[PDB]
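K.L.:
Build me a model from this:
(one chain, ligands or ions: 1)
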Amino acid sequence: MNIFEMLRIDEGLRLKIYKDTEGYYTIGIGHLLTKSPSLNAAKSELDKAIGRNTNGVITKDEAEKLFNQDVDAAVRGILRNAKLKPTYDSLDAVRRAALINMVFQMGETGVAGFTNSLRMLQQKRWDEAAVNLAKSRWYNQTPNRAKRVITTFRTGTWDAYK
Ligand SMILES: [Cl-]
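P.N.:
Numbers count the residues shown, from 1 in each chain. Structure as follows:
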């Protein structure tokens, strides 16, 4: 198991424009297109992202390419962020994948807002961090995916994904 397989399980794969759990226009492996309610603004972003006239449909390779970019952007955003970087550097490899997962889903800003939980992860107080992470909108809205991520932080193994 690795970050790519983990995120592919959590996000799934759709080759046609769809709406996410928040109701936003998305495509591929969790690639957010726009928060705008316009399906046209969505198609326009999509064509911009792919570099061709897509009419809302992409191929598997195209989905995979967006996915490579998104993962790369996520890690990098973590490494340039004063609140995230110290937590990331402190963790083992499996738990690093859990943090990349949260950032891919909610963005750097959202994650940087879990101040108390990050402080608990740095200290390696696993059980305590798991309880604090669950007191969030994130956990209440996407509880099955949140439990998987939280279990990963708690255990430092890929058990929740096997
Ligand atoms: Cl893009």
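
K.L.:
List the contacts of residue 148.
P.N.:
Neighbour list for residue 148: 10, 160, 161 [criterion: Cβ atoms under 8 Å, 6 or more residues apart in numbering]. Placement of C-beta: from N, CA and C, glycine included.

K.L.:
and which of the residues you listed is nearest residue 142?
P.N.:
Checking the contacts of residue 148 against residue 142 by Cβ to Cβ gives residue 10 as the nearest, at 9.0 Å.

K.L.:
Hmm, that closest one is touching residue 98, no?
P.N.:
No - under the criterion of Cβ atoms under 8 Å, residue 10 makes no contact with residue 98, lying 11.0 Å away.

K.L.:
Those two: who's more crowded?
P.N.:
residue 98 (25 against 18; other Cβ atoms under 10 Å).

K.L.:
ok, the more buried one to residue 92 distance?
P.N.:
10 Å (Cβ to Cβ, to the nearest Å).

K.L.:
Now do the buried residues in the host helix or strand of residue 15.
P.N.:
Here residue 15 sits within strand 14-19, counting by DSSP states H and E. For strand 14-19, a neighbour-count test (16 or more other Cβ atoms under 10 Å) marks residue 17 as buried.

K.L.:
now swap in stretch 127-138 and tell me
P.N.:
Those would be 129, 130, 132, 133, 138, for stretch 127-138 by 16+ other Cβ under 10 Å.

K.L.:
What sits closest to the most far-flung residue of the chain relative to its centre if chain neighbours are left out?
P.N.:
Centroid-distance maximum for the chain: residue 53 at 27.1 Å, with Cα atoms, centre = their mean. With sequence-adjacent residues excluded and distances taken as Cβ to Cβ, 6 or more residues apart in numbering, residue 53 is closest to residue 47, at 5.8 Å.

K.L.:
Going by secondary structure, the one you found is in what exactly?
P.N.:
Assigned by DSSP H and E, residue 47 falls in helix 39-50.
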